[PDB]
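Below, each chain spelled out in residue letters.
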Amino acid sequence: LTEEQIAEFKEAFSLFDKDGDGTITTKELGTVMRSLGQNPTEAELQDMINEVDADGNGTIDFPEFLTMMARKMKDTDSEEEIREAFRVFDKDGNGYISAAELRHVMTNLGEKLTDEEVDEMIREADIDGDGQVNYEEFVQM
Amino acid sequence: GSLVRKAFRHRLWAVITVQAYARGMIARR
Ligand SMILES: [Ca+2]
Ligand SMILES: [Ca+2]
Ligand SMILES: [Ca+2]
Ligand SMILES: [Ca+2]
C-alpha cells in the first residue's frame, strides 16, 4: 500500500470513469476493456460490477475499487503482466507492435500524440530496425 | 464466486501495466 500503487490505482480509475462522476458503471467497464483488446461478456461485466460494488448501489466508487485492488496485487514488471500488456499493444496478433497499433492504444488511454512522436517511440525500441517491436524488444524497453 | 474477483484484478492489472508502459514510453521520448 505505497503512494506509487495509489497513483497507479487512481490513473486506472480515471480511465474507466469516462464521464467523471466518481463511479464506474457496467458500460464504462465494458467500453474501456474493449478499447484495450479485452472481450468480456455482458454477463461477466455485471458480475464484476456486483462483486466490487460493496454497498450495492450498482456502481464502483474509488474506495470500493481501492479495497478490491489493494489485495492480491500482481506486478507490472512481472512477465505475466508484461505478456498481458503485449496482448494490448500487439492488437492484430501478429507478434509485432506497429506504429498504427501504438497510435491506437495511446489514443485509447487519452493521449493526443502526433505520428512523429509515436514513430520515435518505435525507433527507440526497435533493435533489429524492422520498423516494429516484437516481444524481446518490448521487454527490453 | 471469488473467480470473478480474480478476473477483475487480472483485467485491471493489464490496464495498469499498459498505462505504466505508455507513461514510460512517453518518459523515454
Ligand atoms: Ca462514471
Ligand atoms: Ca458502490
Ligand atoms: Ca501487430
Ligand atoms: Ca523490431
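In this document, residue positions are counted from 1 along each chain in sequence order, independent of how the entry numbers them, and residues without coordinates are left out. For this description, chains carry letters from A and ligands carry numbers from 1, given in the order in which they are written. To get the side-chain values, take all heavy atoms of the structure and skip hydrogens and water. Residues with missing side-chain atoms are left out of burial classes, side-chain pairs and their counts.

The record lists X-ray crystallography as the method behind this PDB entry and 2.3300 Å as its resolution.

Asker: An account of the overall build of chain A is requested, with residue identities and associated values reported.
Answerer: Elements are defined by DSSP. Helices are runs of H or I of four residues or more, strands are runs of E of two residues or more, and each kind is numbered from the N terminus. Helix and strand counts for chain A stand at eight helices and two strands. Ordered by position from the N terminus, the helices and strands of chain A form the series α-β-α-α-β-α-α-α-α-α. Residue contacts are defined here by distance: any two heavy atoms, one from each residue, within 4.5 Å place the two residues in contact. Partitioning the intrachain contacts of chain A with sequence separation of at least 6 by distance along the chain shows that 43% fall at a separation of at least 24.

Asker: Explain the packing of helix α6 (residues 99-108) of chain A against helix α1 (residues 3-28) of chain B residue by residue, including any values.
Answerer: Axes here mean lines fitted to C-alpha atoms, for a helix over just the part in contact, with angles spanning 0 to 180 degrees between N-to-C directions. Their axes nearest at 11 Å, the elements α6(A) and α1(B) cross at an angle of 110°. When the axes of α6(A) and α1(B) are compared, the pair comes out roughly perpendicular. α6(A) and α1(B) meet at a crossing whose hand is left-handed. Where α6(A) abuts α1(B), its residues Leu102(A), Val105(A) and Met106(A) lie against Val18(B), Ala22(B), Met25(B) and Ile26(B). The cut-offs work like this: below 35 degrees is roughly parallel, past 145 is roughly antiparallel, 65 to 115 is roughly perpendicular, and the gaps in between are oblique. For a crossing to be left-handed, the near helix must be turned anticlockwise from the far one by less than a right angle; the clockwise case is right-handed.

Asker: Requested: an account of the UniProt feature "binding site: Ca(2+) 3" in chain A, with residues and values cited.
Answerer: Residues and elements named next belong to chain A. UniProt positions are given in the numbering used here, feature names are shortened, and annotations may be inferred rather than shown by experiment. The UniProt entry lists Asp90, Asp92, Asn94, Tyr96 and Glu101 under the feature "binding site: Ca(2+) 3", expressed in the numbering used here. Tracing the backbone through its elements, the reader meets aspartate 90 in the loop between α5 (79-89) and α6. Residues contacting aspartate 90, with those up to four places away along its chain left out, are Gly95, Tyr96, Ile97 and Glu101. Positionally, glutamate 101 belongs in helix α6. N or O atoms within 3.5 Å of each other form a polar contact, as long as, within protein, one can give a hydrogen and the other can take it, and as long as residues adjacent in sequence are counted only when both atoms are side-chain atoms. Engagement of the side chain of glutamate 101 in a polar contact is seen with the backbone nitrogen of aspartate 92, the distance being 3.0 Å.

Asker: Any details on the domain arrangement of chain A? Residues and values, ideally.
Answerer: Residues and elements named next belong to chain A. Residue ranges assigned to the domains are those given by an automatic or database domain assignment. In terms of domains, chain A is made up of domain 1 (2-74) and domain 2 (75-141). Each of domain 1 and domain 2 has a C-alpha centre, and the two are 24 Å apart. On the side of domain 2, seven residues touch domain 1, which itself brings six residues to the contact. Tallied by class, the residues present in the side of domain 1 that touches domain 2 amount to three nonpolar, one polar and two charged. Ten residues, namely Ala, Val, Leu, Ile, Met, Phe, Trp, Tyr, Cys and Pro, are considered nonpolar, four, namely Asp, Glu, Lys and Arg, are considered charged, and the remaining ones, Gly among them, are considered polar.

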